[PDB]
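Enquirer: Before I ask anything, let me first share the structure, which is written out below as structure tokens.
A short reminder: the numbers here are calculations on the coordinates, not readings from a lab. Here Cβ is always computed from backbone atoms with ideal geometry, including for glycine, and neighbour counts include all displayed protein chains.
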Amino acid sequence: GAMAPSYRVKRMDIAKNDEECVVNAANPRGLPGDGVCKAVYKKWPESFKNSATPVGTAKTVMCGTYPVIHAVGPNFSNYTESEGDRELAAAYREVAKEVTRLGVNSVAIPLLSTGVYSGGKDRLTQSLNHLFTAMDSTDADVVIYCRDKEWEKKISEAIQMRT
Ligand SMILES: NC(=O)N1CCN(C(=O)c2ccco2)CC1
Ligand SMILES: [Cl-]
Ligand SMILES: [Cl-]
């Protein structure tokens, strides 16, 4: 566990994280994909061996000794708001289980279903609150990675409000 488990946010490429494992915003088929998933495929392509897993689940594949946790959020283009919300919460609960099982002291996480799976909505608060619901009971240092200065500020505000 981390000595004083914390949440932080950084606006940078999650493929250049400084944590003991990474969460991929994966597709269900284990394809290279685009956005975070493509950056993860270029950095850790060996982790895409048998990485296919259903929506609402996470599957860990090692790249050397570095764990890549493939977490499959729902595509809100396809899911109802209600079913999409259930599967997004479920994907984060499976991430918490895998982080615990691995025994890591830190994890790099993206906000699931906020990019091309957002169905064109702003889901910062929805996705972050499900991340907190799952990760609050873990003792790993969590570092959230984002790709927008306004998102960085809003995530940082949300973290600080609880402290
Ligand atoms: N995780 C991020 O930092 N992203 C910031 C850029 N994004 C948007 O601005 C966006 C897409 C749909 C509605 O807002 C995607 C999420
Ligand atoms: Cl970067
Ligand atoms: Cl996405």
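Enquirer: Give the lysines whose C-alpha is closer than 20 Å to that of residue 59, dropping any in the same chain fewer than 8 places away, or say none.
Expert: Leaving aside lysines fewer than 8 places away in the same chain, those within reach of residue 59 are 38, 42, 43, 49, 97.
Enquirer: Follow-up. Whose amide H sits under 5 Å from the amide H of residue 70, counting only residues 5 or more places off or on another chain, with H placed in the peptide plane?
Expert: For residue 70, whose amide H was placed from the backbone, the distant partners under 5 Å are 24, 59, 60, 61.
Enquirer: I need to check one value: relative contact order of the chain, counting alpha carbon pairs closer than 8 Å and at least 6 residues apart, in percent.
Expert: RCO, the chain: 32 percent.
Enquirer: What FRET efficiency comes out for residue 11 versus residue 65 if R0 is 30 angstrom and r is the Cβ-Cβ distance? Round to the nearest 0.05.
Expert: It comes to 0.60.
Enquirer: Kindly state, to the nearest 0.05, the FRET efficiency for residue 31 paired with residue 160, given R0 = 35 Å and r defined as their beta-carbon distance.
Expert: With a Förster radius of 35 Å, E is 0.40.
Enquirer: Here's something else I'd like to know. If you average 1/r over all unlike Cα pairs in the range 4-73 and invert the result, what Kirkwood radius do you get in angstrom?
Expert: Taking every pair of different Cα atoms in the range 4-73, averaging 1/r and inverting gives 12.3 Å.
Enquirer: Further question: Separation between the residue 93 and residue 136 pseudo-spin-labels, each 7 Å from Cα along Cα→Cβ, expressed in nm?
Expert: 1.5 nm
Enquirer: Among 37, 63, what is the fewest-to-most ranking by other Cβ atoms within 10 Å?
Expert: The order, fewest Cβ neighbours first, is 63, 37.
Enquirer: Across the range 147-162, in residue order, what do the Karplus-derived ³J(HN,Hα) couplings come to in whole Hz, using 6.51 cos²θ - 1.76 cosθ + 1.60 with θ = phi - 60° and x for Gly and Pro?
Expert: 9, 7, 4, 5, 4, 3, 4, 5, 5, 4, 4, 4, 5, 4, 4, 8
Enquirer: When the Karplus curve 6.51 cos²θ - 1.76 cosθ + 1.60 is applied with θ = phi - 60°, which whole-Hz ³J(HN,Hα) does each residue of the range 136-142 get, with x for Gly and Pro?
Expert: Residue by residue, the range 136-142 yields 4, 8, 8, 10, 7, 5, 9 Hz.
Enquirer: Pairwise over distinct Cα atoms, reciprocal of the mean inverse distance: report the Kirkwood radius of the chain in Å, one decimal place.
Expert: Evaluated over the chain, this radius sits at 15.5 Å.
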